[PDB]
Structures are given as C-alpha cells and as structure tokens.
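Trainee: Provide a 3D model corresponding to the input given below.
(chains A, B, C, D, E and F)
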Amino acid sequence: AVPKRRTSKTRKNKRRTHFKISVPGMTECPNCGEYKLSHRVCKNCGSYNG
Amino acid sequence: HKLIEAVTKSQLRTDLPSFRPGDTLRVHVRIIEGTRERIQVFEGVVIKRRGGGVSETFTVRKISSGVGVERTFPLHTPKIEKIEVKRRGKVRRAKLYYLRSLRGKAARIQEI
Amino acid sequence: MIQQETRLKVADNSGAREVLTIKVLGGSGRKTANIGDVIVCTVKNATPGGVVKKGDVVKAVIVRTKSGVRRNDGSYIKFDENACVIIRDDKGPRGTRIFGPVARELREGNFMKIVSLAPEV
Amino acid sequence: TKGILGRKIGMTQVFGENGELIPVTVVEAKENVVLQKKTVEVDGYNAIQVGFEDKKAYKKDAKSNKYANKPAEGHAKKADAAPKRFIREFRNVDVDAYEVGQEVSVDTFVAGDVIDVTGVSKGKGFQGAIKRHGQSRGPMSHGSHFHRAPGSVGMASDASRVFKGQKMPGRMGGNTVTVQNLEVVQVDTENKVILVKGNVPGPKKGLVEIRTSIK
Amino acid sequence: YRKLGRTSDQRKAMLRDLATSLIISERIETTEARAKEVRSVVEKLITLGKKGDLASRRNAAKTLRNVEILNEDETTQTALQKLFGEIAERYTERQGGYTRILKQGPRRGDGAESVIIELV
RNA sequence: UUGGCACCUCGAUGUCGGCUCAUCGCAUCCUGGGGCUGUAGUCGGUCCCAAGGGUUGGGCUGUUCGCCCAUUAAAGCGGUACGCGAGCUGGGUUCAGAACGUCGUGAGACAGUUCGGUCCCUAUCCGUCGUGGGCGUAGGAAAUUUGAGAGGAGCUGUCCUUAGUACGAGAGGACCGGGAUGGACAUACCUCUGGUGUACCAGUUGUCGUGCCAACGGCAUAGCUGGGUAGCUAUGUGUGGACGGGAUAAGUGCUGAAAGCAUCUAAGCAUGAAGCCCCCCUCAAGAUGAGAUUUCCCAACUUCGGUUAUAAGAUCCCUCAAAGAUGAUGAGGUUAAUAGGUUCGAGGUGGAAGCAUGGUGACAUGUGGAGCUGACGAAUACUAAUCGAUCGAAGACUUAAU
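Mentor: Numbers count the residues shown, from 1 in each chain, chains lettered A, B, ... in the order given. Here you go, the structure:
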C-alpha cells in the first residue's frame, strides 16, 4: 500500500527513460512552402490537392 | 458462400411441397426399429420453420392422450417418405409459440 | 428426474401419484438423468387404496421429459411434462396399466414390458 | 503419410447412407507446390517445403505482403514457381517420392480417412481467471464481497513467495492446437475441397495443415 | 458501429441533428469520429430523394428535422423540400460518394482533431 | 494431541468453522505387481513393493468431531503461523442494553444459559501471470528450421464372448485372452438443439408535438409485449488419455563354488509393476555454448588502419481486421477492392403507403411470395488511403592446410 523505502535519484531517472515526447510527421507543402502534417490541410494556404 | 453451395447441392430434394406455419401435415417417417423397415405416421400442426440451405428445419405439434408432443425434423432428411398438406390455417406471425400454453377451443386455429 | 430435488409425475397405475428424486444411479458424481435411466425417489402423494403407501423409497425409470431426446437422424422429440414408473428390481413394472405416450429409447434399454402396455410409443 | 495446406471455409452438414446426420468442415487446397527438399547429408534431417497460395510478382515500390520481395523470388524461381503466401515443412512425409516443382493435389488423400489437423485458435484477448482457467465464483449474496476475483495465491510465510505456474488473469487464445483422429468424408476434385468430419481450430479463413494420423 | 460515448437515445438525436445541419449549410466542422458515421447517414437520405415516390418522401421525414431556410425565400422551403429538390437534381448521374472528409489537425483545449465534411 | 519450560514479539505477529486456490510427506482408502494360508471355486485374512492419477451429494448442530439417509472402484491419514481476513464471509467465542437460575447485606460475579449488537487501506521493493522497447550473436537483410532444456497429459465402471467350461457331493461359479458401450475430467468449435442479441421487423397504452384528416416523431426501465442475423456462448456438437521400446522394485529363477554335498550370487545368464527414461501434445539458440539451410544486396573517395550517401530491406503517416488495454500481429495504400457508399443475394420480420371495393360503424379483402432490414456472401474507383519524409552494408586479428 504505502512505500516502504524512498526512491533514489538513480532509480527515478531509469523509470523515466521511455517518458518521452513524439516528433510529428511534417513535410514541406508543395504550394504553401511552410511545414505541414501529412494528410492534413495546410494552415498557411488552405490547399490539399488530393 | 459459393464453395459450400456446390458441395451440398447433391443433397437437396424436389419432392417437397410448400407449407406455411399453422398448416396441418401428415408426415410419413421410415422406422427400422425391430427387424427391418416399417413406416409410422405423425399428424400435427406446424409451429416453427428455421431457415438455411441443407440445414433448414421444421417443428410439428400433436396432443396425444392429453399430453402434447413436438417433433423437429431436418427438411432434407432421407427418412421421410411423404408429406401431405390437409388443412391451411390463417395466422398473424411466423412462430406460434403461444400454442403450448393453450388447450381446447382456445388452441384450435381458423381455416382460410 | 434430472437433478436431486426434481419432482416427477407417476404415469403407471398404482397408489403413487408424485415422487421426489433422491439420487441418480450410475458413476460417482453423476449430475443429471434423461429418458432410459433408473433413479431413486420417495413418494409424497398417493391414493388411499394404492399399493405404494406415502413415504416409501423405491426405484423408477424415466419415460417422458421436457428436455427431449436427440436421434442419430438429426430429429428431436420433446414432451410437456416429466413422468416415470415405479419399477421392480428386475426391470418389471409394479402396476397393470400405463398412461400417456412413451419414448422408443426404452426399447434399447430392454424395458420390453413397459412398451407393450403403453397406448402410444 | 501425406500432408497438404488449405484455408477454412465454414461448417455444414451431410446425410449418410442410413440417414445419419454428420457435421463437416469445408477446406480448400488449390495451389500446393514443392519448393525444397532437405536431407541428412544436407540440412540434417529429411523433409519437404510446400507453398499453398499465390502472391503477386515483384514491383519496385511494394508496401504490402501481397507482392513478393527479391529474397522471396530467387528462392521460388529455383523451383519454377510463383511467390507463395504460406510455406511449411513436413517431416513425416516421404522424401524419395517427391520432386521439386511437383503439385500437391487433393486427390492424394484417398483410403486414408484418418488425419490430424493443426491450426491456430481464434483468440480472446485479456481475460479473467474464471474464464481462462474455469474456476468457481464466490457467493453472489449473503453479504459477500468475492465474485469473479481470484482465490489465495500462497501459504502464510511457510514459503514467503508465489510458486511458478500459478493461474492468474492474462491473454488467452491464439495458440497452436492439434485435433487427432479425425476422418475424411469425401474429396471433390472439381472444386479442390476436402470435407472433414467435425470442427477445426481457428477463424473461418485461417491456415490449416493436414497430415496422416500419427497414432 | 460506433457509440461516441453516448446512450442509444442520444446517439440517435445527435445524428439527426448533424444530418440536417449539413443539408442546410452544405459544409460543417466536427470531430473525426462523428464524421465517419454521419457520412453513411447523409448518403442514404439523398438516395431516397432520388426516387421521388411519396413512400420515400415519408420515410425521410422520420430522420429529417423541421427547419426553415429563409435564404431561398421561396416560401422558406423546409429542409425536406430542399431535398427532393436542389439536392436531388445534382447527383442524378452520380451513384454513391456524395460527401468528402478533410482533416485540419488537433484543436486547442481538447486535443480532438477537427474535420471538415462537405457535399461533393 | 493434552502438558512442562518462559528463549523472540505488549511505542500492537488479528480468533473457531467455512469459501476460493492449492501444494507436499507415505505410516497406501481405490487402481497395478507379489509371498504365505487354518488358500477348493466365487469372496477374504495378513504382510511386502508402489505416491502416476483419482478419492460423492444431502438431513441435524455456529462448529471441528459425531450420528443418520442414499450412493461409489474407493469415500485414506498427516504438514504448511491448527495453510489462506493488504483474498472473502461474521454464525460461536472477549465491549457498551436487557432477562432467567445460582451466589453476595450491598455495589456486582459466573464454576451457566437467552435476544440484540460498524471488519478499515490508490501496491514502493521482492515474488507471480501477460505483453513491448534497446544492445549483443564480427557485413547489412527476408523466410524456413534442428532441440540442450522446461511444461502439459496419466483415472475408472458395467455389459457380451471364451464358458455355464476349470473347481465342487450340491448350492454357487473363474483365472494373462478377445469385443461393444458409459461416469467424471480436459480441449477445440457454432452445422444442429437452446440463451443473449439498446442503429433489425411487427403489435399496443397514456400524453405532448408536425396547422387539421391520414400518416409519423419525442418522453414514460429499451414504456410494455411477440419474434430475431452476425458476434460471443453450454446445458449443444467433435476429439483425447491409444499401441509398443529400453533399464528396474518386491518376487520366481537358470548355472555355480567358497564349504567333495547343498545354495538365485561371490564371479557369469535371464524374468518381472498404474511407478523410472522414451513414445503422445505445447513452448523453446539471451542455449553469451547466442546453432543449421535457401535466397537477396555488395561503390564512389581527401589513400586513416577512415568517411559520406545509398542499395537489398524496414518505418513515419493513412484506409482496416480474422487481431487488440496501449503497443505488437495480420490485410492494404490508387501500377489499388482496405473501408464507406451504390447495385444484386442469403437470413429475419409476415402482408407497407396510396388507391379501389364491401359495411351505420369498429374492421375485412384485392392490387401483392407486399414493404422494411446493423454486423454475413458477390460485383462496381463514385468518396477517402494525396504529395512526401526518415532509418538502414563496403565486412578485425591469429595459425593449420592450401
């Protein structure tokens, strides 16, 4: 129920190994020129050209 | 499915008439109990008819000595010699499950 | 009938009118029984002049059930009530008549006399 | 001793000679070819390799298992065959009666009528102990607080731990199963089917393998 | 085959409201889970409006809603009158595929990915 | 087991009987293999070897015990904090109320009974059951495999024949051998018999709406009632514990001396158990001892004894499922049938709307194998899987024989 022992820094930093953030899938837009999420609509221009 | 209809087509029968629920039939069934062949009849009312191909089934109900009896037979069984339709009855549903709890004047059905 | 406390109706001709199951014979731990099996029961009702008094312990055989029976031909026969007959220890009945239809699985069971006195098999 | 691969179709029923009702399973084995033969002096043991279904050819940009890759084409061209979806070995069939490139037909199974089927089960996912191991439940009334929960896992510090092999909740299904001593009803060469008596494991479109009874 | 975190009584009303708002505006914004199910609901109302028989006009009234469109101003044709009319005369030769879904990315404050559904 | 001792725990180690899940000992209840009989046969007594698998359901008491009813091949005895309360019950025994018998002058006490009376905790570490990411296995990859080593499964009844033979004066009644069907327990599956089936069809009550009639919608457990596809399901449907091999236990032995005879043993040959190792089923090269086979890719450089970018392949992202907590696995991405639409089917419901005719009317018949229809089978690019991005090899040193 309650922790018997406190957690040390060595043990705490190993559990947070996989606690990472993801890099989105972004590519340069054919017409806007800015970056864009694949399969989405360019916020800068508004063109998809599917 | 197309591969299950070509492997079971060799077991369908054409000597079968057309009958709806509520109709009274006379099912002739082959019985080999004893020493060899013999035929015994069963006259009742159709109360159920399940669908399918060579898996279609029907149920007939009769009252004997004051005790009702129900027989369920596969439609395409080879153990049936004949099926005669005598009385056609007007009904309002496919399953006559309410016939089990009734008996007498209430149980009898009208004729078209 | 099927389980330990099931109540059956007596179809044969004798004093016994209602019996309460007490045990299902055959194997250690058997749960249920169907047409063609012997059971141990006790009488609860009877007729004032019957041969089987009230409160006895006898053996019987199942002849009609509500669950039904399946045959090797793909066909099913079901009844509307559960009934049995008080039988002697030699597979012979204890009455002189038999009321109601009976299943043909009794012929396989070798209960030849019961089939003979039945109005419908 | 014989073997063949196929795909499940579904369940049906057929009528016997005396009117006996018999449930059957429909299986299809259409394109079975031999690709390789292993021996004692090479590969250690004796066995053969068989493909069951035909994949497409090789394209420069393939993003699905439908098209064959280069490593899978050379291994197939060596036996003069097109890319195959399924490949499995048979260490029970003879190796002197088969030549590379041979076709395995359904009519090879005749007069045997006794076989064993191997296949993967359906799969249920994360299940409890009452359904995964068929245990009993606690009382549902009388002021009880124990229904579908698992029972005691140990013995009070005589051994201060849980033994290996305790039955706990987990993922069930998806295992290799084998049903022994089944019978072949009939073989329709016109459609490349095999009517098996009974039922076999897996969904209605999974891969099943059939070999002669080992017992 | 989706529930959308709602009961059977609310999953039916919300679908009837989304189908009618589209026929009026012809373009709306919503979430991706609601767009993939409203898709099949609106594509069947146009199939009824392409038959013209009175029997079909009464079955569409069970799902449609009573709403007036003053923009046209020609008696403020009801939402059911727009169907069998303007909308039934556009997809005469098209057999299926009367809608198109477009993505826009996640929305702030909730994380849900907004989508645009419109009639082709 | 009842006690003796008072060594650990009073800034706290929770009782009796169950329930749920088991494990392990052999001083063996059942099944298997053997002596000896005061062993005719059928049945027993006692003792030895054997722990592989089994070893019921109820009545009466809070119980353990114990008695009783009906069965079974058998209803074995012991240990684990009298197994088990961060798993669960609170019926008895140690709370506060009240009463009876008894004892006390009394407040009150039991060497006794009776009715009533709160069981709390979000799992840090080890342990256990599932499922992923890294690096390693001396180039980088895609498939198929050997099995060191583990786990699972092991039970048994009644009939038929041999034969009414062996045995016995009669009653009674077989022994390794051959066949046919059950009980309990495992396991896969949904054709059949059933259950479920809140986006399927139909009937019906009250009330409020679409202006009214007709036809419909909302709310009353899904308003209620009668049916029901797919999927999931047991009580339903299949299969399994089947034959043999190799060494042994208690036993019976064959030769043979020590000890001119005897003697299964001291050398040498056999025979012999549901038990031991195989045979049967599943997992397995992180088996750092990291195995084997087939096929695929292998150039340009300042000449770092290096490096870049690619190649064969694998992903990002997207449409989905036979898979699924997430991930992983599987099917596919327009050089395309993955899903949704659309057009035909199977199955389910059982006769729509409109109109016509017959009745004062409630209703009925006709048009009509009507209409409607979630998950199942086919065909069809109409809609959405666009355009793109990232990761990913040029193969060390030693002998020995070529």
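Trainee: Around chain C, which positions in chain B sit nearby?
Mentor: Chain B comes close to chain C at residues B:33, B:64-74, B:77, B:79, B:100, as judged by Cβ under 8 Å from any Cβ of the partner chain. All C-beta atoms are positioned from the backbone trio N, CA, C, and that covers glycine.
Trainee: Pull out the buried members of those residues.
Mentor: B:67, B:68, B:69, B:70, B:71, B:72, B:73, B:74, B:77, B:79 (16 or more other Cβ atoms under 10 Å in any protein chain shown).
Trainee: measure the last one to residue D:52 for me?
Mentor: So that's residue B:79. Between residue B:79 and residue D:52 the computed distance is 39 Å (Cβ to Cβ, to the nearest Å).
Trainee: and if you look at the third one?
Mentor: Distance of residue B:69 to residue D:52, computed by Cβ to Cβ: 51 Å.
Trainee: With the fourth one instead?
Mentor: For residue B:70, the distance to residue D:52 equals 47 Å [Cβ to Cβ].
Trainee: what does chain E have sitting close to chain B?
Mentor: Checking chain E against chain B by Cβ under 8 Å from any Cβ, there are no hits.
Trainee: Does the spatially most central residue of chain E belong to a helix, a strand or coil?
Mentor: When Cα atoms, centre = their mean is applied to chain E, the residue found nearest the centroid is residue E:19 (2.7 Å). Of the three states, residue E:19 takes helix under DSSP: H, G, I helix; E, B strand; the rest coil.
Trainee: which residues are contacting stretch E:92-110?
Mentor: A:37, A:39-41, A:43, A:48, E:29, E:32, E:35-36, E:39, E:42-43, E:46, E:50, E:91, E:112-120 (Cβ atoms under 8 Å, 6 or more residues apart in numbering or on different chains).
Trainee: From residue E:40, how far out is the residue in chain E positioned nearest to chain D?
Mentor: Closest contact between chain E and chain D, by Cβ to the nearest Cβ, is at residue E:1 (18.0 Å). Distance of residue E:1 to residue E:40, given as Cβ to Cβ: 10 Å.
Trainee: Please apply the same query to residue E:10.
Mentor: From residue E:10 over to residue E:40 (counting by Cβ to Cβ), the distance is 18 Å.
Trainee: Can you name every helix or strand that the one helix or strand residue E:23 maps to contacts?
Mentor: Taking DSSP states H and E as the criterion, residue E:23 maps to helix E:8-25. Where contact means 3 or more Cβ pairs under 8 Å, 6 or more residues apart in numbering or on different chains; DSSP states H and E, helix E:8-25 is packed against strand E:27-31, helix E:32-49, helix E:79-82.
Trainee: and if we set it to 10 Å?
Mentor: Helices and strands touching helix E:8-25, by 3 or more Cβ pairs under 10 Å, 6 or more residues apart in numbering or on different chains; DSSP states H and E, are strand E:27-31, helix E:32-49, helix E:79-82, strand E:113-119.
Trainee: re earlier: in PyMOL, how would I select the buried members of the contacts of stretch E:92-110?
Mentor: The PyMOL command for the buried members of those (criterion: 16+ other Cβ under 10 Å) is given here:
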select buried, (chain A and resi 37+40+41) or (chain E and resi 35+42+43+46+50+91+114+115+117+119)
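Trainee: Show the contacting residues for the residue in chain C that chain A sits nearest to.
Mentor: Nearest residue of chain C to chain A, counting by Cβ to the nearest Cβ: residue C:29, 42.9 Å away. Residues in contact with residue C:29 (Cβ atoms under 10 Å, 6 or more residues apart in numbering or on different chains): none are found.
Trainee: again with residue E:16
Mentor: Applying Cβ under 10 Å, 6+ apart, the residues near residue E:16 are E:38, E:41, E:62, E:63, E:64, E:65.
Trainee: Looks to me like the fifth one is in a helix.
Mentor: So the one you mean is residue E:64. No. Looking at residue E:64 with three-state DSSP, it is coil, so not inside a helix.
Trainee: could you dump the contacts of residue E:16 to CSV with distance to RNA strand F and neighbour count?
Mentor: Output for those, formatted as CSV (distance: Cβ to the nearest atom of the strand, whole Å; neighbours: other Cβ atoms under 10 Å in any protein chain shown):
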residue, distance to RNA strand F, neighbour count
E:38, 8, 22
E:41, 6, 14
E:62, 4, 7
E:63, 8, 17
E:64, 10, 19
E:65, 9, 16
